[PDB]
Each structure stands twice: as structure tokens, then as C-alpha cells.
Amino acid sequence: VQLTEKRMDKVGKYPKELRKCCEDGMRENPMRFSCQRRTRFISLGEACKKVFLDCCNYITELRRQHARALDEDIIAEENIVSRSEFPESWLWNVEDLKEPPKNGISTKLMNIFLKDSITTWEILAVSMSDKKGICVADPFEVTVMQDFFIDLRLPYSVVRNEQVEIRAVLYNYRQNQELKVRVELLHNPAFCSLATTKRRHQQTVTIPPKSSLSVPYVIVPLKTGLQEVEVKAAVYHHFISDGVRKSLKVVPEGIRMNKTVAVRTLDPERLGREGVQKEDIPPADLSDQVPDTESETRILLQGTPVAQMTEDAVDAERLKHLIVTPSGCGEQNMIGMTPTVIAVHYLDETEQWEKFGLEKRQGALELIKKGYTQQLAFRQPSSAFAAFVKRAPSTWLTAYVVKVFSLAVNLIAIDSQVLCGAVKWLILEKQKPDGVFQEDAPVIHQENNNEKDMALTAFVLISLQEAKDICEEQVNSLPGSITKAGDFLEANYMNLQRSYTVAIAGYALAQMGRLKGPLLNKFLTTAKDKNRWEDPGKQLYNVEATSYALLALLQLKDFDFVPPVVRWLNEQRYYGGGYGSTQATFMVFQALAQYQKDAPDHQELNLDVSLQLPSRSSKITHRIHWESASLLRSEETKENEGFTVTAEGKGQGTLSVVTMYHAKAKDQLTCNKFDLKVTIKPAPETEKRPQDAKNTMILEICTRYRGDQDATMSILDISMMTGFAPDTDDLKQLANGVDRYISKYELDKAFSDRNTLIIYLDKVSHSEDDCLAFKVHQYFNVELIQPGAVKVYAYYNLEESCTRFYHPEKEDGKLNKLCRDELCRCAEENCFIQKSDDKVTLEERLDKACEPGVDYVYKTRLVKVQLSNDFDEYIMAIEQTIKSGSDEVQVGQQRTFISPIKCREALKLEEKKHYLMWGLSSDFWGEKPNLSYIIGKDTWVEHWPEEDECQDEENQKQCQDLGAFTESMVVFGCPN
Amino acid sequence: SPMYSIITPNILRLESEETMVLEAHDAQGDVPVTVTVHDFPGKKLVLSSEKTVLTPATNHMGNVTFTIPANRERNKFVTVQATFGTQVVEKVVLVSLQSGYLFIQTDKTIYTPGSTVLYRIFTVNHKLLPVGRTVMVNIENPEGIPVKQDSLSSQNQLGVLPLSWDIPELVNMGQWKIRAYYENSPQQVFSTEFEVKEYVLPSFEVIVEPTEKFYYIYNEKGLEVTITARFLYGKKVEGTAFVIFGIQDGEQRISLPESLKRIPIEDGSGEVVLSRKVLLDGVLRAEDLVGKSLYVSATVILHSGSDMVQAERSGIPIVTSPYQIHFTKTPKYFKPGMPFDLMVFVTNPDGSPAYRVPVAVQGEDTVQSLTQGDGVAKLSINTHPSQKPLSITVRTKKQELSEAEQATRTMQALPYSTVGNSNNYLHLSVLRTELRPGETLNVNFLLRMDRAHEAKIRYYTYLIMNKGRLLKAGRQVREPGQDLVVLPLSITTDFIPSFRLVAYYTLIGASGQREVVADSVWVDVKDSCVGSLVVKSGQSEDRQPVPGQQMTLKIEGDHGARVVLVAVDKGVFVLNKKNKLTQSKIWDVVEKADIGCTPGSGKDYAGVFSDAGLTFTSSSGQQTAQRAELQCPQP
Ligand SMILES: *[C@@H]1O[C@H](CO)[C@@H](O[C@@H]2O[C@H](CO)[C@@H](O[C@@H]3O[C@H](CO[C@@H]4O[C@H](CO)[C@@H](O)[C@H](O)[C@@H]4O)[C@@H](O)[C@H](O[C@@H]4O[C@H](CO)[C@@H](O)[C@H](O)[C@@H]4O)[C@@H]3O)[C@H](O)[C@H]2NC(C)=O)[C@H](O)[C@H]1NC(C)=O
Ligand SMILES: *[C@@H]1O[C@H](CO)[C@@H](O[C@@H]2O[C@H](CO)[C@@H](O)[C@H](O)[C@H]2NC(C)=O)[C@H](O)[C@H]1NC(C)=O
């Protein structure tokens, strides 16, 4: 009968060091997870387990009785001093008093514009006279106040042809007076609203004193892009004439996709042939494209395998363009530093700041500062660095951090205390007397138990060589520690099986010059085609391994093996024109840039690339030259053409071709390495959601790795539906619970295309599904919503992933909101030639079928209907071609007619009934041999009654009409 | 037989204006005086000449002020020279390596990752005038690690050093500090702290605050609390609130589980009570709680949504009396026979002074007094000429408070000395007022000695000690047989925030040896600005500001002065509440640097001078002890 109070009374007992475990156990669980089940996720001592078990045992039995017979059930908790978001400080300027003094009094008027915030400002003044010293003035208070205020509340984004109900919140601040207001939604042809060109939509509403009021509007957006929604308000009697004009973004009906099409090194001479290089590039697939969406092909020319990267690593707002993945974890956050560090180094050693722009450098140094500042969030006592703040410290991660830090000591100020404590930690605590290094955290990267020892020590030994002559006096046993690790290497190296290790440990040994003879052969013979060190399945790791192998080759000054390797590394960009993950990117970056710095070849740029798109009449002639601030050039086309590229004379660079389009929903057909089951179910209606949430739902994700060993660093990439937002309480509980099912949640809308939630995981079990569930709230009611997507993937091998979509549930006839009037008939107009009036005479048919646009006129017989959630597919067999178009079709063949989901109810096409269809050549979709059709605003659909039922009353009138049409179109066709 | 006196501050600050006050007792004509300082021990010489002539027509007054250069650098000492013709007096004084003051301003005390910290560094000397020095400013995270380092000079900026820092959106949580030190003095560092917490923006606001600022233990009414909750736009909230009380033991918290109550919130308003019954069942015995503090925790769950805000009011002081009484202002030494003036300090349980508190002395009350706004009232008791130590007790007697509710406090006052046993004293008495610069203040010189050598005393020497330095010097004439002389002292803006007053007289003794009786007194002046600065609305009042509007701001400051401004949300300004950069808080830093310790008087004749920050040395054999220490006895 209390439950909230029976709680906290149980937390009342138990010592101080224990109330954490009981508190978190008393809580429920987003998953149905049991009490014993919840345990063993719990990470502390067994004293912590005993309390956790005892407490949820206590509570789950107590509320199990509440079901038998509207009362709260939460924790009062301890010490939350909330509210941090305050309006930004302003008026940060300095004025001296130069007015003639009137017995000290030197009045100086100063004019300013108050911010547009309803608040109370506190102006603080501090004087400083070289005659009478400092004088801190009393605070001056300014209460900026407004009576009436409008807030327009739109979803993050709306999908084309969805049915959102936005709301205009109106505030009445007056303390003892209710405001009457005339509010109006303005017409915008971009979306169907209750306001049309015909008549406006204004209505009177009365808002109580010291309160607010919500005014809903239904809008059905017809066009994609950023649309302007404006409500206008005129309050009665007062001449307060206010209005709000926000912009909601209408996204298309699928999911955004940057598909990499080609790469190819551009190097005339080198195998590019004396027949200077000619390059064939195939059209992008785009078979799963969304009907009536744009695509765009971006062709990029790179004067140097490192150029896009150098350009990006330097700029603060393009730095994130190097990585398709989130960056909120121990090693991921290192984008803040690593790229920029190597990129600055690169431009220093090759002397390019002159032509490139010296201004950019001081800008670049500030990034490494910022990145360093960020990285310190992961630093623990002492100097240990963990993958997530306040969690088990990683040997691998520290090693990494030590490298970049050590390689940055020159560029920005690195605290030697921070740096050398870490080197002091790795050596004194993590290195076994054997020379091996230990890992005591859960592994972030690539998993007898050699090679485990051999790889990690290789990685740590590469780190220590950067701190060598910096932590000399600070760390005593550095030089001996490296020796111990170096000796362990050149003994066990000849037993290495995995191609990855042979490279990384090969490089580590090369740094010492201890890669020689039989070991060198081992390193060299491990490369396939003499251009890459690669392993089955481990794709992005091969880019990592190969990069190391290049660094080893450069370390050995063996510049014959190198060319083909640099060619291969150049072309391993499958996620945009880029390598995907952090470790992958920064590794190839470093090594490719190291090739530039260590080359005995003056490989100079005088490239003459010419482009012939079959869509453009004029050729494109780009001339990339060394000694010009760029080394870059790009081109865009809206058409998905196959084109041909020609390079000429001198230079080693790249040619990345990438198209962006919107692929349809539909769950991935072959999840080859990851299992994923996604579920969404309505929560009980008495669940108590936040005050704005219209409706709450439970979203369960269930995932499993298809490997022989657990997957390490992995991500759930959850893009919410529209209006929906995840319960941040439940996610917190999942990450901050003494159980802990998650490493952290991101909730980052990078930008556009629906707001996303990113979940970091330490591992994914290959033994069984790793389920976690959580509440989502729906802050606007919407009809006809498209599925939200979920994607799992290994952070360091993106090649392994799985993409599933989630969607509430039909249950027999999808519902709109609402119809009853023109608002509903407005939306349906968009798709299929709106008859209305229901005249449709024989004479009226002949006029419309004779439009110069009308390409085809079929009599179809609907075979199968495969209605999905996003688009309907009607498979129509052709019964007679009354007029054929550029698409030839045989009588007895089939064509798939696609229609939007918002037009299923209007078309009402019953299976195995006959139809008369026609439309423009604009309706064609997807080239032969199998073509599809798009039922659009120019597609006349009509029911063709069967022969056995032409006898009836409602049909014989319509029947011979079609017969008159059929002949007067075959025998005579169009009159003009 | 003449006498020659050298008077100098206790610790001598380098590279600063220091006054060496010189005199001449009983001398026919005038004598040349040159003062010079050496390193101890060594032939260094930091100052050569600086001459003064002790003119008989001016009672023999001598200033000779000089700044000691800073060079080769266990606490250093300097030997000072005072040559009066042939006979020369020396003193070994302690040196101080202290630049001045740095003040750090921050627009807010809590920030979200992503936002900007706007901070200024004010560089000022010992007179609190602006000065162009080199300064180093760091920004540390909670783990001590510096993430921003700057070397900047403060010249031509006439004092101010504007700086900025953008917090990255992924960064340490906790109390970030801003350390700042003069490059001249890496020894002395100044800090300000701020929090980063993280983006949290609650639906509504909850304020939990008791009807009383304190809890009287024996009061059976209990501690009543008013829960107030309302939306951020002034809608009264309807919901439910769970409160729970607990006792804070310094920094250790004991939750009282049985104080947990569930109350309904009606029209943004709620009510709850912690009873004494349940309070004493959370431990026993009532007196053990005096000095402890109570806290409340309020959780307000809405009736509409699941939304929930928490609020905590802690530091509710448990008291045996609504008032405190302090003797931190009162001297610790009395003169047997003479009246003894008490500077009773009366504060509320929180720290702030209490206006109008009728107080009297135990043993002999009546007469009574009335507290001023600064929480001080004066009380005098004439006691017998006894060598026995005086123990005084001062109670309060406020009307409409019960006799068991009042406050009591005891102090111990030791006797003078008059070495050796001659019973001749000097008493300084001052009126306790809200005295403001520009006014005049009467200072009373009371004499108590045997009726034989009371005609020889012709003048009193009085010395002003302000902000650790020597300020003003002069004389006070006396007609033989006079038991009291008054000094008209004109207080200026040179006495803020507080000034000491030392007075002494010297003569041929009662037995045969020299007698030099002395006394000191401490006087607080209105602790405000030297100049002034006022901000008000420049427009003719009219009507209230509206969002996005042009409005005029009037700045009333000092000519030529530089004014730095910032405009912050009242919500973060009232959220401080301890790092507030007040004018009072600026003088507090100057007081805690002041020398020396005792709020007046001394153990003996020369224990007065040291306890006020001075070193008296005679040409005979009468001097003060050597101060080798920079600070004071532990509080
Ligand atoms: C997937 O592939 C797509 C390409 O299909 C990419 O996504 C977006 O592609 C856009 C082109 O379609 C890119 O637009 C470029 O961004 C420019 C930004 O302007 C810069 O601003 C910074 C300030 O920080 C300055 O330093 C620079 O000097 C630049 O000025 C745009 O200028 C440019 O087009 C502009 O659009 C603005 C709109 O406000 C116009 O005002 C202006 O006239 C001009 O037309 C263009 O948009 C864009 O980089 C990119 N967006 C993203 C995701 O950042 C990505 O490459 C791929 N997506 C991923 C991450 O996989
Ligand atoms: C020591 O000398 C100073 C400086 O000469 C005197 O203080 C003031 O000096 C100014 C010089 O412009 C006179 O106008 C004032 O009348 C002086 N004020 C007084 C009377 O104190 C003063 O003679 C001495 N002050 C000290 C530090 O004792």
C-alpha cells in the first residue's frame, strides 16, 4: 500500500558501503530479468551480490502482491542537486569612464539590447582605478518579462507521407488575467494542413492565468527538405501580436546510404601502363532505391593517398568526417588527437604549411589541445586510462594513449606527470618478468595463448619507443623493459600463425633492427600477392595489419616491396571514400603519410585527369599540381551513370567514387556474423509516462555473435521513429546499475535523418543472445509511421554487422487521422489520378488518355499483392497492351506496380481482379529486363469488371464504356 | 638623559613603501638622522642615505620611507640602522616575500560541457591599487591536471586580465579549479573552483525551506518545513512529495528512517514536520546535538506525468540559543584599576550579525546596551586593582525570549605587567559606532599612575596601523594633572577596512629605570569601497524591460576608472553562494593577511607592539622580541 516507502526502509538497514547494491536491486528491470538472473551481471564483491539478491527478492514479492489487489513505486535516492542548464552569460565587455567627474561621480550611459529570454538578469560590475583601486559594485537586477508567448512543438523529423500532429503551445504569464487569443496555422503547399488556399484556419482560444495551452495541428508533409511551419497569434484587446515560425525537416521514406563504388590508385607509369591510365567505373547498384528519391554521385580526385585526410584532420568541423562510428569511448575519443597529430607532423616534415596555409596550423594545434583535454576524462588513478570513465583500466588503451601523447609532447603541452605515470604503470604493474604484457580489462580490440601475448606486447612495445627518450629520468626501468619485451618477440615470432601478428610484431622488431634473416623472410612471405598481409574475415584488421607491415617495410628501407602495398592500402575504403573505424583509419593514415616522408622518390604531382560522363556533353579536365593549396578536386552528378576516367603523366593519387541514396527498409537478408531480433510492444496504459508523452512503448533488442569467440567492442545504432524518444532513466539504469548491462548510451543526433541512439557494448556473447530492453516514449501521435532501424556491428571490423527494422503492428486495416473532410482527401490526391465526382464518362476517358505524356495504356490483371509497411507492391499481369511505351511488354508477362503506403486505402486493389491502368514514361522505374512502375499523380487506375458480372446493374454501364475505349484506342488510337 | 626610539612594522615586505618612524625624547637642539639597512648577517646594503632632521619646533618627527630592493634568494632577516649623531640603534626584523592580491571572477560556478567559462584576473598591490605584474593562470580538472596554461602581463590593461575557456562536450566531471600566482611569487597561489555536473534541466522547481533558520532543541513544536513546487513558468504544481530528515555530523550524514513522510502537494504548496519525538529516536540525550545540523530531502512526483524533481535544504543548525556571543573582537588583556571595555560580537546561527540584541554582564548586569548593525555592542566593567586574572561572562537578554533560550559565553582576561611592579597603566577607549569615512572619531587617553610622576608626562605618541603598514603618526598634548585627554582623529578612506591604534608614553621611572607604558586598540570602519561604483537603469524608469528590447544602463563610477561587466541569470547567481566576489569578501582577504594577532593590548609593555605588528627599540635596553614567524598562533 506504500511500496515507495517500504522501499528505502529496506535501504534503511545495511551499512553505508552497501546501500548502492540494495538500491539498484530494488529497482525493476526493462528486461523481465529475474533476481538470480540479474546477478552475475553484477561486477562488485559477493557481499554486494548478497544484498542485491536479498532486496529484489524482497520487493518483487511485495509488488507481486499489489497485482492481486494508482500508487507510486520509485526511489527517493540521495544527493541530486539538479538544474545545470542556465541561459548563457552576456555583456562580457569593458568600458572606462572618461566623462568629466562631478565630485567623483562620472556618469557613463551605456546602451544595450536585452536578450530575447524571459528571465531575470543580474548585471555585475567591477571598477578599477589606478587612483582609488578596485571597487566591486552591487548587483543590478533586470527582470525581463513578457505576457504572451508561443512555442511551436515539432518532431525532430517527419517522413514524407507520415501524419504528424504538431502542437502550438501558448503561455499566459499574466498573474491574475486569462488571455483570449486568436491563433492561426498558415498555409504551406509543402504539407496538407487544415489551412488551404481556399480558406485560412484561425480559431479563438482562452488561456488561463499563470498557465499554458496546447493547440494541435494535423499536417501531412508531401515534399522532402526543410519546410516552414508558421502559427500566428493575435491576442484579444491587447495589441500583443506574436508569432512563431520554425522549420521541420521532411526526410524521405527509407534509410540514407553512402555506397562506395570505386577507388583505384591513379598512377600513370606504374602498371597504369605507358598507355596512360584508363579507368572504367560501373554504375552503383541502387536496386533497392526508394521510389521518387534523389541520388548523388560524388567523384573525388586525390593528389596523394593522404589528402582528404590531411585536409580533414586539420579542420575542427571536418575532423569527424574520417570516421563513420561514434567517438565516446576510451580509444574512440582519440580522433581528438591522433589524426591531427600525424597530419601536423606530416606537413612539418614535408614542408607544406607554406602553400597549404600557415594559419591552419595554429588552428590545428588547438584541436590537439582540445582532444587532450577530452582524453583526460578517461584517465584514472594512477595514469591508467580506461575505456569508460570509472571502470576497469586497459593495458591496450594506456599503451595507445602513451603513443599519441608521446608523439604530441612537441606539439602541445603534455603533462609529463600524466604521460610518465602511465609508462610507469604499464612497466611496473603490467609487464610479466617474461617480458610479456598483461591485460586485466576486457579487451577492446582483436581478441596456447601465445599471439594473445605476442600481439599485445607488440602493440605496447611500439608505444614505449615513443616515450623512450622522454621518460628517461622519470621512469628508470624503461630501457630494460623494452629489452625484455624485445627478447620475447624475436623468440616466439617464428611460431606466429595469424597474419595480423606477423605484421605488427614484425614492425615492433623492425624498430629495433631485430627483424633479420629467417624472421624477415617470415615477415615477407606472409603477404599475399606481395601487397597485403591479410586474414580470412578480419577485413578492417587487414588494413590495420598491412599498415604496420608498411611501417615495418619503411623501417627496413626496403623500397621495392612497398609500391604494391601502398597501392593496396590506397584502395581499402569501403565506407564512403574512407576507411571506417578509428584504429583502421589512423593506422593507414600514419603509414601512408610515413611513405610520403621516407620516400627516396621525388614522386611529384603533375596529374592530368579527364572525365567523360555519358550524361554530360563536355569532358571534365582536372589538373592536380604539387605546389597549390589543395591536391583535391571533386564532382557531383544526380544521375547514376557508368563513366570512364583517364589519368595522364606523373603522380600517385586516388580516385574515390561514392554515391548517396535512400535504400528501402526491409531487414538485411544475410546477417553473416551477427544475430539481431528487434521487438516493440505497447506498455500497460497505467505505466505513468512523462507529462508530454502521448504514449509509451517497450523496445527489446536481442543480439548474438556468430563467431567462435565473443565479439569485443560493439555498437547498437538505434534510429528512433518519428516523435519517439528513448527513456533516459532506463538507459541510465542499464549503464549505471550495479548489475550493468551497458557501457554507456550516446543519444547523439549527429545531424538529420532521424535522431539516433548509440549504445556501446563491451562484448556480445557467442554462446547465447544478449538481450536488453528499454522504454521509448511517443511525444507526438503520428499515423503511418515508417520503421525505425537498428544496427549492430563490431567497432573495429565494420564488415561484420546486422541491420533490422522495427514497427509497431497492423492488426487489420491501418488507420489514418483523420479524414471526414478535405484534409484527408488532400493527402490522397498526391497518388493516382483523382477521379472524384465519379462521372468518368467514355468521352472523359479519351481526353485524358491522349495527353502527350501518356506513354502506356495497359489492361492488367492483379496476380499477387505483397503489401509491406512502407510501400505496397502489386504484381500485375498484362492482359492486353492497348498502348506500349519505351518499355515493351508481352501479353502474359508481369510488371510490379509500386504504390506508397498512404494510398493503400484509396486504391483498394483486391487480388486477382482486373484493372485499366495508364501513365507517363516518368512512371518507369529500374532498368530492364525486369521493370517496375510507380503509381503517381499521373497514374490512372480503374477497376475492370469481370465478364460474368457485366450483367449486373452497376457494371453494364461501366463495362461497354471500357469496350468502347478498348476498340477506339486499338483500331483508331488517339485522334490528334 | 635622552632617549631615542626606532619604530618599525613586524614583518618588512619587499619592494614596497615602508615607514620608519623616528623620535627624540629629551634632547637639546636637533640631531641628524640617516637610516640604512643591511642583510643579516652581511655587508650587503640595500639602502644608503634617506636623511631626516629632528627639529625641536616639530617635537622631533621623522618619516624616512623607502622600498627595499629584492635580491639574493628559511625566512630572511634584515638589520636596520638608526643613527642619531653618535649613538645608533639596530633591530633584526623579519622579511616578507609577498606580492599582493589576485582576485578571480567567474560568470557562473556551474557549467555544462560545451559552454564557455568567462573569467577575469584582477592584479592589485597591498594598497589594493592596480599594478602591472607578470601572472600565470592555470585551469585544473578535479584530478589536479592542468588543461590550460597562460603567461600574461597586466600592464596598460590597468589591472584586468580577460580570459576565456570552452569546455569540451566530453570532459571530467567535478570541481575544476583556477589557480593563479604572481611569477614574482610562485609561493603564493590564488584559486577559484567551478563545477561541470552535466546537462540537467528539470521540468519544475522545488524549494524546501524551514519556517525557522534553526532548531531549538527543547522546543517541542519540532522543525516545520514548507515544501514549495512550481513550473519554470509559474504554474502551481499538483502532485505528491516524499520528505525525509537526517542529522549531519560535520560531514557525515545519519539518515533518520522513521522521519519519512508522504504529503500531498496542493497548489504548489506542501507541509511537513519533523517531531522532537522522532528526532531523539534517531540516536540519546539532547545536548549532544548542539553543534550538529539537520537536513531535508524532498522528492516531488507529479500527478500528471512520471516527472520528478529532487530538492535538498541542509545545514540547518541545531542550537541551544537563537544567538551566539563572541569575544574574538575583545582584547585578552586588562589593566587592574582601569575600566575594561568589551567588544561583544553577536551572530545568528548561520554567521550573519544580529541587529538590536540587548546584552549585559554576569555578576553585575543592569545598564545594558544595544547591538548595532554590524553585530557589535560595547560593555564596560570597572573592577578592582587586583593582580588576579579577570574572568568575564556576557549573557543576552532579548525581550520575548525565555530565560532558558538566551546565550552565554565566557572569556579569560589576563593582567598587564608594568615591569617591574609599578602599577602604572595606559587605557585607550573608543566609541563603538557605524563610523564612515569623512566623519570624526574621539579617542580617549586614560592615565592611571602614582601621584608623583604624573606631571612629567607631557605628550602621548599615537600610531596608526592600517592594512599591515604604518599609516599616520603624531602627538597628543597633556596639561600636568590631567586624568584624560581626547584626540580628534579624522577618518578618511585610508582606514578601510580596519585600523589599529597604538599609544605609549615614556619617562624617568619611579625607582630609577626607564618606564615605557603602552596600549593598543582595534577599530572597525564601514567595510566598503575606496571609490564607488553604481549600476542602475539609465532610462527614465518608465515601464519594465521586455525580451529583445533596447534599454539604457547608467554607470556611476570614478573618473578614469575601468569598469568590467557581465550579465548572468539570477538562477546561477543565487546558486553560488559562497564564492561570491563581494567588496566585503575582498577586505576579508586583507584582514586575514594583516599583522598581528591580538585584538588589542599585550602581556607587557612591549608585548603590545608585537601583537599589533610593530617593533619598538630604545637607545637604552628596552625593545620588543624578535618575530621569526610570519603567521599567528593556531586558531
Ligand atoms: C555521405 O555522402 C554525402 C554526400 O552525398 C555527404 O553528406 C553531406 O554531403 C554534402 C554535399 O551533398 C556536404 O555539403 C558540403 O558541406 C559544406 C559545409 O560548408 C562548410 O562550412 C564549414 C564551417 O564549419 C567551413 O569551414 C567550410 O569552408 C564550408 O563552407 C557546404 O558548404 C556544402 O554545400 C553548402 O550547403 C549550404 C547549406 O547551408 C549552403 O548554404 C551553401 O551554399 C552550400 O551549397 C555541402 O553541403 C556535407 O559535407 C555532407 N554533410 C555532412 C554529413 O557533414 C557525406 O560525405 C557522407 N555522409 C557520411 C558522414 O557518411
Ligand atoms: C611623512 O611624510 C609624508 C609625506 O610628506 C607626510 O604625509 C603627508 O604629506 C603630504 C605631502 O603632500 C602633505 O600634504 C600632508 O599634509 C601630509 N599628511 C600628514 C600631515 O600626515 C607626513 O608628514 C608624514 N606621514 C607619515 C607617514 O607619518
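Protein chains in written order, with full-length UniProt numbering: chain H, 673 to 741, 751 to 1128, 1135 to 1663; chain F, 23 to 95, 102 to 311, 314 to 665.
All C-beta atoms in this analysis are idealised placements derived from N, C-alpha and C, irrespective of residue type, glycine included.
My guess is that H/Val944 and H/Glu1258 are in contact by the Cβ rule of under 8 Å, so how many angstroms apart are they, rounded? To locate residue 944 of chain H, count along the first sequence from 1; it is residue 263. To locate residue 1258 of chain H, count along the first sequence from 1; it is residue 571. Confirmed, about 4 Å.
At a threshold of 7 Å, does F/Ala636 count as lining ligand 2 (C-beta to nearest heavy atom)? Looking up residue 636 of chain F in the second sequence gives position 606. Not so, every heavy atom of ligand 2 lies at least 7 Å from the Cβ.
Identify which residue in F/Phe62, F/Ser334, F/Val53, F/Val576 has its Cα closest to the Cα of F/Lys73. For the purposes of this step, residue 73 of chain F is taken as the residue at position 51 of the second sequence. The candidate whose alpha carbon is nearest that of F/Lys73 is F/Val53.
May I ask you to list, following chain order, the residues of the region 967-990 of chain H that have a beta carbon less than 8 Å from some beta carbon of chain F? none
Residues of its chain near H/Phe713, where Cβ-Cβ distance is below 7 Å and the 5 sequence neighbours each way are ignored: The residue given as residue 713 of chain H occupies position 41 in the first sequence. Cβ neighbours of H/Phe713 beyond the five flanking positions: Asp1426, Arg1427, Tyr1428.
May I ask you to check if the CB of H/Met990 is nearer than 7 Å to at least one heavy atom of ligand 1? Reading the first sequence from its first residue, position 309 is the one you call residue 990 of chain H. Answer for H/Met990: no, Cβ out of range of ligand 1.
Under a criterion of Cβ closer than 6 Å to any non-hydrogen atom of ligand 2, which residues qualify, in chain order? F/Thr41, F/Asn85, F/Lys502, F/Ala503
Using CA coordinates, which residue listed in H/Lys678, H/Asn792, H/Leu795, H/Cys694 is at the minimum distance from H/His738? For the purposes of this step, residue 738 of chain H is identified with residue 66 of the first sequence, where counting begins at 1. Among H/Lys678, H/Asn792, H/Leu795, H/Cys694, the Cα nearest to that of H/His738 belongs to H/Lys678.
Going by beta-carbon coordinates alone, are H/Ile1562 and H/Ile1585 separated by less than 8 Å? Here residue 1562 of chain H corresponds to residue number 875 of the first sequence, with the count starting at 1. Here residue 1585 of chain H corresponds to residue number 898 of the first sequence, with the count starting at 1. No; because the gap between Cβ atoms is not below 8 Å, this pair is not in contact.
CB-CB under 6 Å to H/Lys959, same chain, minus the five flanking residues each way: which ones, in chain order? As a first step, residue 959 of chain H is located in the first sequence; it is residue number 278 there, counting from the start. Counting only Cβ-Cβ distances below 6 Å, and skipping sequence neighbours, we find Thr1333.
Going by the beta-carbon positions, is the gap between H/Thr1409 and H/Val840 smaller than 8 Å? To locate residue 1409 of chain H, count along the first sequence from 1; it is residue 722. To locate residue 840 of chain H, count along the first sequence from 1; it is residue 159. Here H/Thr1409 is near H/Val840, since their CB atoms are less than 8 Å apart.
H/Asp973 versus H/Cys694: straight-line alpha-carbon distance, rounded: In the first sequence, residue 973 of chain H corresponds to position 292, counting from 1. In the first sequence, residue 694 of chain H corresponds to position 22, counting from 1. If I take the Cα positions, the gap works out to 56 Å.
What are the boundary residues of the alpha helix (DSSP H) that H/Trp1106 is part of? Start at 1 with the first residue of the first sequence, and residue 1106 of chain H comes out as number 425. Start and end: 1097-1106.
Just grab the DSSP bridge partners of H/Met1563 for me. In the first sequence, counting from the first residue as 1, residue 1563 of chain H sits at position 876. Beta-bridge pairing links H/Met1563 to H/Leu1549, H/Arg1582.
Might you give, ordered along the chain, the residues of its own chain that have their beta carbon closer than 7 Å to the beta carbon of residue 744 of chain H, omitting 5 neighbours on each side? There are no atomic positions for residue 744 of chain H here, as chain H continues from 741 directly to 751.
Can you tell which of F/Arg466, F/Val515, F/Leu191 has its C-alpha closest to the C-alpha of F/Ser528? In the second sequence, the residue the question calls residue 528 of chain F occupies position 498. Among F/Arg466, F/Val515, F/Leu191, the Cα nearest to that of F/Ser528 is on F/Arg466.
Taking 8 Å as the CB-CB cut-off, is F/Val217 touching chain H? Looking up residue 217 of chain F in the second sequence gives position 189. False, the Cβ-Cβ gap to chain H never drops below 8 Å.
Residues from the region 788-807 of chain H in contact with chain F, defined by Cβ distance under 9 Å: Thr788, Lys789, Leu790, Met791, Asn792, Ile793, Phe794, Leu795, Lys796, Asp797, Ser798, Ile799, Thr800, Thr801, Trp802, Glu803, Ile804, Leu805, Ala806, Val807
Would you check if the distance between the CB atom of H/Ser1401 and the CB atom of H/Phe1069 is smaller than 8 Å? Sequence index remark: in the first sequence, residue 1401 of chain H carries index 714 (1-based). Sequence index remark: in the first sequence, residue 1069 of chain H carries index 388 (1-based). No. Outside cutoff.
Less than 7 Å separating the Cβ of H/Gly1329 from some heavy atom of ligand 1? Mapped onto the first sequence, residue 1329 of chain H falls at position 642. False, no ligand heavy atom lies under 7 Å from that Cβ.
Who pairs with H/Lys1337 in a beta bridge, going by DSSP? As a working note, residue 1337 of chain H is residue 650 in the first sequence. BP columns for H/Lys1337 are empty, so no partner.
I need the DSSP call for F/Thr80, collapsed to helix, strand or coil. Within the second sequence, residue 80 of chain F is the residue found at index 58, counting from 1. F/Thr80: helix per DSSP, three-state reduction.
Establish whether the CB of H/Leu778 and some CB of chain F are separated by less than 8 Å. Translated into positions along the first sequence, residue 778 of chain H becomes position 97. With 8 Å as the cut-off, H/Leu778 counts as an interface residue toward chain F.
Give me the residue from H/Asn853, H/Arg881, H/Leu851, H/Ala871 with the minimum Cα distance to H/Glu865. Stepping through the first sequence from its first residue, residue 865 of chain H is reached at position 184. It is H/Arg881 whose Cα lies nearest to the Cα of H/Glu865.
Would you mind telling me which residues of chain H sit closer than 7 Å to F/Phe270, beta carbon to beta carbon, in chain order? Counted from its first residue, the second sequence places residue 270 of chain F at position 242. Those are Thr676, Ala757, listed as they occur along chain H.
What I want to know is whether the C-beta of H/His738 ends up closer than 7 Å to one or more non-hydrogen atoms of ligand 1. Within the first sequence, residue 738 of chain H is the residue found at index 66, counting from 1. No, ligand 1 has no heavy atom inside 7 Å of this Cβ.
Taking the beta carbon of H/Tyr898 as the centre, do at least 16 other beta carbons fall within 10 Å, making it buried, or is it exposed? Against the first sequence, residue 898 of chain H aligns to sequence position 217. Looking at its Cβ environment, which holds 16 or more other Cβ atoms inside 10 Å, H/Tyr898 is buried.
Taking F/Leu461 as the reference, give the member of F/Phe475, F/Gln664, F/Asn454 with the closest Cα. The residue labelled residue 461 of chain F in the question sits at position 431 within the second sequence. Of the candidates F/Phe475, F/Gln664, F/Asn454, the one whose C-alpha sits nearest the C-alpha of F/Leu461 is F/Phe475.
If contact means a Cβ-Cβ distance below 9 Å, which residues of the region 1007-1024 of chain H contact chain F? So the list reads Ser1008, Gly1009, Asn1014, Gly1017, given in the order they occur along the chain.
Can you confirm whether F/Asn200, when its beta carbon is compared against all beta carbons of chain H, has any partner nearer than 8 Å? Taking the first residue of the second sequence as 1, we reach residue 200 of chain F at position 172. Closer than 8 Å: yes.
Any non-hydrogen atom of ligand 4 closer than 7 Å to H/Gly1263 Cβ: Ligands in the displayed structure: ligand 1 and ligand 2; ligand 4 is not one of them.
Taking the alpha carbon of H/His1002 as the reference point, which residue from H/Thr1212, H/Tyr1262, H/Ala1067, H/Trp802 has its own alpha carbon closest? As a first step, residue 1002 of chain H must be located in the first sequence, where it is residue number 321. Residue nearest to H/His1002 within the set H/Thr1212, H/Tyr1262, H/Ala1067, H/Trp802 is H/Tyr1262 (criterion: CA-CA distance).
So is the beta-carbon of H/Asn1179 under 7 Å away from any non-hydrogen atom of ligand 1? Your numbering for residue 1179 of chain H matches position 492 in the first sequence. When distances are taken from the beta-carbon of H/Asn1179 to the heavy atoms of ligand 1, even the shortest one reaches 7 Å or more.
Residues that F/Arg499 contacts on chain H, provided the C-beta gap is smaller than 7 Å: Within the second sequence, residue 499 of chain F is the residue found at index 469, counting from 1. Those within 7 Å of F/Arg499 in chain H number zero; the least Cβ separation is about 14 Å.
What does F/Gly568 touch in chain H if you count any residue whose Cβ is under 8 Å from its own? Reading the second sequence from its first residue, position 538 is the one you call residue 568 of chain F. Per Cβ cutoff of 8 Å: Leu790, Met791, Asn792.
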